[PDB]
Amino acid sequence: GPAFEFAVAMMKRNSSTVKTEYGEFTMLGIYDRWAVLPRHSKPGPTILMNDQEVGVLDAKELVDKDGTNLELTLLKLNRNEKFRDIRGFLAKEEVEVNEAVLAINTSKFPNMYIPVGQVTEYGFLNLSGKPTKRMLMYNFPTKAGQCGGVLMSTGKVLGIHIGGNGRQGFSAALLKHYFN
């Protein structure tokens, strides 16, 4: 419903299409010149943000208090424009909704929205060796390259799509304290 209406504006305002040595991803700007990517996108010194070279001043691969992986990488971008501060839409702890929307903006999947249904606090996952935490699960046969689409609901940004097993698809929960 207004889930979609909410999501198009988010992607219009704060999203971009990023390419790295590891493939094409969806990127979400959080505030200032900070954005998030799936950790496994492994951005180096620069990245292709909507086909232009934007430099990456700093990058923190995010982890637990236990050091456990969280599959989130924070990017300070070297560009003038500030993003819109969407931290007000981020939860303090993982969120479960019955109706949720996954949104991708890559060249393979340009500007597409998916009524993905029910998100549940899946918690732990061993993702190709890498044990990662605070996962959100949904029953949709996602694929490459839909990382790292954005998981939303009415006025919530829930997480960032980082993996899938061909039947379910998983998102790294996107919490407030990840950003001061």
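In this text, residue numbers run from 1 along the sequence as written.
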Averaging the C-alpha B factors as listed in the entry, name the stretch that ends up higher: 33-41 or 52-60.
52-60
Quick one: higher average CA temperature factor, 123-131 or 24-32?
123-131
Quiz for you: based on the deposited Cα B-factor, which of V150, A144, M112, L70 is highest?
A144
Per the entry's values, where does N165 land by CA temperature factor relative to the rest of its chain, in the lowest, middle or highest third?
highest
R13, C-alpha B-factor rank within chain (lowest, middle or highest third)
highest
Can you work out whether the C-alpha temperature factor of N98 puts it in the lowest, middle or highest third of the chain?
middle
Position of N105 among the chain's modelled residues by C-alpha B-factor, lowest, middle or highest third:
lowest
Where the record places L75 (Cα B-factor, split into thirds across the chain)
middle
